[PDB]
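Only one chain is given next, in structure tokens, and it is the form deposited without adenosine-5'-triphosphate (ATP).
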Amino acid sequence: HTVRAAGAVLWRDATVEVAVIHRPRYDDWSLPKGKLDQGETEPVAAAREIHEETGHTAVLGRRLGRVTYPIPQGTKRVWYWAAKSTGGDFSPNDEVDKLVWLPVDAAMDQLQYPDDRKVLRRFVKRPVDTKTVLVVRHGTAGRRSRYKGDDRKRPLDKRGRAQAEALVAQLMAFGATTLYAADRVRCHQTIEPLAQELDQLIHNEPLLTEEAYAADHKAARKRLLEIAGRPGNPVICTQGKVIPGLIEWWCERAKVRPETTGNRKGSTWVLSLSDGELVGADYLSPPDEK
């Protein structure tokens, strides 16, 4: 029995201040967090908990690890994010009666739970004013052997179209602003719902297909850095044989260790950048998977 939850270190420029919330249920101070609703992903729940408990909007950045809490016959797992406030105002609500903004050392003294102090230590370990590259493996698209036509053109299946829809809220939680996809229909279709939401066109990326990458890794890596260097938070949707090598290459060049890893259809790598340099690589499950 594993209960899935998420939470955040909500912060703003004062130079950084962090929000600490008071909960009358236990009469003490902590960080925003809560359980995932049915169908929800961790990032979307973290942002939702920020909204409900603090009244603020925010954009999630780097993942800050997990905390595990004993419950009867199982555990509650809470994944945390850094989250930069983007607006909104605190109002007392059904969970939280008070909110204070504190420099990190004062926040550390206010947080009497060891696990919250641990999350805050993870927060200060690396920069938090980060830009984000979102590398997405396209959603499910059936089997190649069942499709007789030009395999470039093979579309998402029903499940995959649902993953594309569910990725809108996932990717919005990280403040996606610009859109890129490898030159395959299944990659474009994965981000078309987001394109409709953002009112953004999808920029085609011939260098980031499986066949291109297999023939030239260096062009793909160079193109990835070009995309990443532009201001904004780009989403780049590509293929299974492309992503692992790109993620590994970037992590090696930056000396960044991913806490988790995978490469499922519909999954996302959140790549956090400080001044152009990678500082986090966070693998997210497909939205319809734990």
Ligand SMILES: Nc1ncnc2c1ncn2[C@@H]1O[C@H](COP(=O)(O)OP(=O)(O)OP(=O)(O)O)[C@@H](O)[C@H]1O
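Heads up, when I say rigid core I mean the largest set of C-alphas that superpose within 1.5 Å between the two forms. Numbers for residues come from their place in the sequence shown, where the first is 1. Shifts are known only where both forms have a C-alpha.
The same protein also exists as the form deposited with adenosine-5'-triphosphate (ATP) bound; that form is not shown, yet it is the one meant from here on.
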Open or blocked pocket for adenosine-5'-triphosphate (ATP) when its pose in the bound PDB entry is superposed here, using 3 or more ligand atoms within 2.4 Å of backbone or C-beta atoms as the test for blocked? open
If we test each of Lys222, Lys35, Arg230, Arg257 for a heavy atom within 4.5 Å of adenosine-5'-triphosphate (ATP) in the bound PDB entry, the one that passes is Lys35
Could you tell me which one of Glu95, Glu165, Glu197, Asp183 places a heavy atom within 4.5 Å of adenosine-5'-triphosphate (ATP) in the bound PDB entry? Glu95
Sort through 173-181, 127-135, 197-205, 111-119 and report the only stretch with a non-hydrogen atom within 4.5 Å of adenosine-5'-triphosphate (ATP) in the bound PDB entry. 111-119
Is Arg23 close to adenosine-5'-triphosphate (ATP) in the bound PDB entry, meaning a heavy atom pair under 4.5 Å apart or at it? yes
Test of understanding: in the bound PDB entry, would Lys76 fall inside 4.5 Å of adenosine-5'-triphosphate (ATP) by heavy atoms? yes
Is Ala215 close to adenosine-5'-triphosphate (ATP) in the bound PDB entry, meaning a heavy atom pair under 4.5 Å apart or at it? no
Any residue of 41-64 with a heavy atom within 4.5 Å of adenosine-5'-triphosphate (ATP) in the bound PDB entry counts; write them all down in order. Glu53
Have a look at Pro206, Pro114, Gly74, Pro103 and give me the residue whose C-alpha moves 2 Å or more between this form and the one not shown, with the fit done on the rigid core. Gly74
Pull up the moving segments between this form and the one not shown: at least three consecutive residues, every CA shifted by 2 Å or more, rigid core held fixed. 71-74
